[PDB]
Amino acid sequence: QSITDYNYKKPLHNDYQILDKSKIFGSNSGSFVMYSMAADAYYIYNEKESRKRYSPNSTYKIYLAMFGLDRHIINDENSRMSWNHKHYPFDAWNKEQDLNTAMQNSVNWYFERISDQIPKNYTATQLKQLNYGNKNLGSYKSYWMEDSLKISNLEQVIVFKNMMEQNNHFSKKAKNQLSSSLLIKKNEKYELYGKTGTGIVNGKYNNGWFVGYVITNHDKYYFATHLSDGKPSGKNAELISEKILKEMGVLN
């Protein structure tokens, strides 16, 4: 929307290391960013592209979930929502949901019902304190879905790490409940957490994301992949992320 709404220019006040992951990206274009807690360092593939801001799509469901927990729209005893009897093109959406099943299947209507109960001024205050991207709420409808709110790949990692790791006004039980909804994989070596995002413009993929974190036995890593062209789906951003983390030794 404005002059600064499409890019992130704040200098990194950290150690960073430039990566080359162009062979894993193949014919897709985009960026990859990772932060290590122990090193307090960032690791960036395609730094310029990583500072370009795009709609977060379904990765913003992370944040609506946190806001929903914070304002007690949902909680740990009950985060169930009944289906409002509208047919969707996948049967996983056509039933009752709780936070876990809604996050796993990316059920838009669950999160829209959360957003509807959230006053605009609280959201504005949260995006400001979080430094969430361009902070542009626009029409305040489904503003995170190919619309006014945009955020860069680098910011997705900075903002998620700071939400989760700083002692802020969000509680530890809300963070833990959000974590459970995001858990994808656990073995003896790691826990992998994350959320896909996929934008569709005129029947085509235009925006792919996978944003998450890994807990290993020595460290904890926040990461995000954005895909801007090629086949830029959430699913593809997830495959690329896991390929990349594997090579770096994060997944063993």
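One rule holds for the numbers: they count along the sequence shown, beginning at 1.
- With 22 to 30 and 188 to 196 compared on mean CA B-factor from the PDB entry, the stretch scoring higher is 22 to 30.
- Mean C-alpha B-factor is higher over 83 to 91 than over the other stretch, the pair under comparison being 131 to 139 and 83 to 91.
- In this structure the maximum Cα B-factor among 218, 53, 226, 61 is found at 218.
- Of the candidates 212, 68, 208, 203, the one whose C-alpha carries the top B factor in the deposited record is 203.
- When all modelled residues of the chain are sorted by CA temperature factor, residue 113 is found within the middle third.
- For residue 160, the recorded CA B-factor ranks within the lowest third of the chain. Only modelled residues enter the ranking.
- For residue 122, the recorded CA temperature factor ranks within the middle third of the chain's modelled residues.
- Among all modelled residues in its chain, residue 176 ranks in the middle third by Cα B-factor.
- Among the modelled residues of its chain, residue 105 has a C-alpha B-factor that falls in the middle third, as given in the PDB entry.
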